[PDB]
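If you read the sequence from its start, that first residue is 1, and numbering goes on from there. The figures here come from the full heavy-atom set of this structure, side chains too, leaving out hydrogens, waters and symmetry mates.
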Amino acid sequence: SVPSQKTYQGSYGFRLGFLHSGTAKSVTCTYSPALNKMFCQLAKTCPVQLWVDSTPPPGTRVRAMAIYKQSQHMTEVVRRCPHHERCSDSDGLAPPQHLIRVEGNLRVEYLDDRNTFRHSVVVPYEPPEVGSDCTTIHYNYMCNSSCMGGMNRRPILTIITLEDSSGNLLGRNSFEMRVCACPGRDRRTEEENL
Ligand SMILES: [As]
Ligand SMILES: [Zn+2]
């Protein structure tokens, strides 16, 4: 069935943070607080911050999964278009069908769910590096929102779950995602309509 998108900070006070990048033409990845929507270029570095009041225990894991936002498409699996699925951009870890990848982490793990056929990517939770107040994961989105035979101009949600080493839910949060050539301009345009 459709995975839960309900916000849950839980014991460890789990919330997401984003860089305050602005909307300059030369931006690759920008977050809109007003929309709670990320704007990112294809395959480019997408920083998502993990904020906690208390450090989760050893072997805590952080899962990312994309779902369609619209009620009628929610039961459909989010996957890459046949073109992007075929193109030789493989990192030698990520399944070629998977929209979401993590870069700069050789403990990354990918799941085709045997029951739901859902795609997700999981990394170990590492406490904030000295002189930081959050943990940063670098996500990569390997299809454009406009891809015919993929998302095809349908809005998606990314759901970020915090789970312990035995797979118990510790926390959940979500943000809308648009993968597009001009993230800056598109945020400015989508914010214009307010
Ligand atoms: As991004
Ligand atoms: Zn595509």
- May I have the step-by-step check of side chain to side chain contact (heavy atoms under 4.5 Å, CB included) for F14 and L170, ending in yes or no? CA-CA 8 Å; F14 169 64; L170 303 180; over 6 Å; no
- Item | Steps toward side chain to side chain contact (heavy atoms under 4.5 Å, CB included) verdict (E191, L35) | CA-CA 7 Å; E191 283 176 353; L35 300 177; 4.2 Å; yes
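Listed by chain and number, the residues in a ring-ring contact (aromatic ring centres under 6.0 Å, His included) with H98 are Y110, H119 (sequence neighbours excluded). Residues forming a side-chain contact (heavy atoms from CB on, under 4.5 Å) with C143 (at least two apart in sequence, or on another chain): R80, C81, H84, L99, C147, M151. Residues passing the salt bridge (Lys or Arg N to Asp or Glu O under 4.0 Å) test with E163, sequence neighbours excluded: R61, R63. Residues forming a side-chain contact (heavy atoms from CB on, under 4.5 Å) with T116 (at least two apart in sequence, or on another chain): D113, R118. Here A34 pairs with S32, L194 under the side-chain contact (heavy atoms from CB on, under 4.5 Å) rule; sequence neighbours left out. With sequence neighbours left out, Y31 forms a ring-ring contact (aromatic ring centres under 6.0 Å, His included) with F18.
Counting heavy atoms from C-beta on, the side chains of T161 and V62 never come closer than 4.5 Å. Taking 4.5 Å as the limit, every side-chain heavy atom of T30 sits out of range of all side-chain heavy atoms of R185. Side-chain atoms of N140 and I100, non-hydrogen and from C-beta on, never get closer than 4.5 Å to each other.
Listed by first and then second residue, the salt bridge (charged side-chain N to carboxylate O under 4.0 Å, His left out) pairs that reach into residues 130-156 are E76-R154, sequence neighbours excluded. Residue pairs meeting the side-chain hydrogen bond (donor to acceptor under 3.5 Å, both in side chains) criterion with at least one member in residues 2-12, sequence neighbours excluded: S4-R172. Residue pairs meeting the salt bridge (charged side-chain N to carboxylate O under 4.0 Å, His left out) criterion with at least one partner in residues 17-46, sequence neighbours excluded, are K37-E176, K37-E190.
Residues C29 and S21 approach most closely at O-OG, 3.2 Å, considering heavy atoms. Between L93 and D91, the shortest heavy-atom distance links the atoms N-OD1, 3.1 Å. In this structure, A181 and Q41 approach most closely via the heavy-atom pair O-NE2, 2.9 Å. Considering all non-hydrogen atoms of both residues, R187 and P33 come closest at NH2-CD, 3.8 Å.
If you chain together ILVMFWY residues whose side-chain heavy atoms come under 4.5 Å of each other, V122 ends up in a group of its own. Members clustered with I67: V2, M65, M74, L157, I159, by chain and number, using a 4.5 Å side-chain heavy-atom cutoff among hydrophobic residues.
No side-chain donor-acceptor contact under 3.5 Å links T23 to the backbone of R188. Panel note: side chain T45, backbone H138; no donor-acceptor pair is recorded below 3.5 Å. Judged by distance alone, with hydrogens and angles left aside, the side-chain atoms of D164 form a donor-acceptor pair with the main-chain N or O of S166 at under 3.5 Å. Panel note: side chain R114, backbone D112; no donor-acceptor pair is recorded below 3.5 Å.
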Side-chain polar contacts of residues 124-132 - donor-acceptor pairs under 3.5 angstrom, sequence neighbours left out - could you list them?
from, atom 1, to, atom 2, distance (Å)
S132, OG, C134, O, 3.2

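No side-chain donor from either of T75 and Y68 sits under 3.5 Å from a side-chain acceptor of the other.
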